[PDB]
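Here we start with a single chain on its own, the form deposited in one PDB entry, put down as structure tokens.
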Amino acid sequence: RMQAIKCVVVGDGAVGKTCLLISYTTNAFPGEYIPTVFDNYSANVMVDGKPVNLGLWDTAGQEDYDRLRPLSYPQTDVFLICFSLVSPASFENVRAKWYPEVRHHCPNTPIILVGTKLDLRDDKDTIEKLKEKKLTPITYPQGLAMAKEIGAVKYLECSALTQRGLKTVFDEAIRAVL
């Protein structure tokens, strides 16, 4: 049977988990935000000339799905823990929620920490809106330190919108398994 990888994507609502998956697998970007309960993407990649099936599992960022979400975790090979680079609350939830939940169910599964919406970090309006609430975007060093703190294999930054660093996220997930 063709070699297969199950990758599960978790993180707060609105961080960009669904756009990450749509943009990576089809190069499209959806025009309207519809909250995810569960969704799936089956895609083939060539890894050193051999086909690999990527089973990508999308999950709900909302607290109301906390009891169902872990039921999708069995047989996971790698987790993507996602936070938005322009949402400090979503960053803090990596330590307060996502890392503890993933580790409770899957103590030995590799984690990639993913900073999303890279395109917004330099956006003056986004910066000013954060600044008005005494906040600042998450910097690369901050993300890196959080990755070290939670034992993540790798810290990566990307934009689903521009596709900057997007392919690298999934390539690194593959490398964490194969």
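Just so we're on the same page, rigid core means the largest C-alpha set that superposes within 1.5 Å between forms. One rule holds for the numbers: they count along the sequence shown, beginning at 1.
A second form of this protein, the form deposited with a partner chain bound, is not displayed here; the remarks below concern that form.
query: in the deposited bound form, which of the listed residues (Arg67, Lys124, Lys134, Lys148) lies with a heavy atom within 4.5 Å of the partner chain?
result: Looking at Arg67, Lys124, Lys134, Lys148 one by one, just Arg67 meets the 4.5 Å heavy-atom criterion.
- request: Check whether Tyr140 has any heavy atom within 4.5 Å of a heavy atom of the partner chain in the deposited bound form, and answer yes or no.
  value: Output for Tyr140 is no: heavy atoms all beyond 4.5 Å of the partner chain.
message: in the deposited bound form, is there a heavy atom of the partner chain that lies within 4.5 Å of any heavy atom of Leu71, even though the partner is absent here?
response: Output for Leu71 is yes: heavy atoms within 4.5 Å of the partner chain.
query: Is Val37 one of the residues lying within 4.5 Å of the partner chain in the deposited bound form, judged by heavy atom distances?
result: Residue-level check for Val37: yes, a contact with the partner chain.
- request: Please look at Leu144, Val153, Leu68, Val47 and say which one has a C-alpha shift reaching 2 Å or more between this form and the one not shown, core superposed.
  value: The answer here is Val47.
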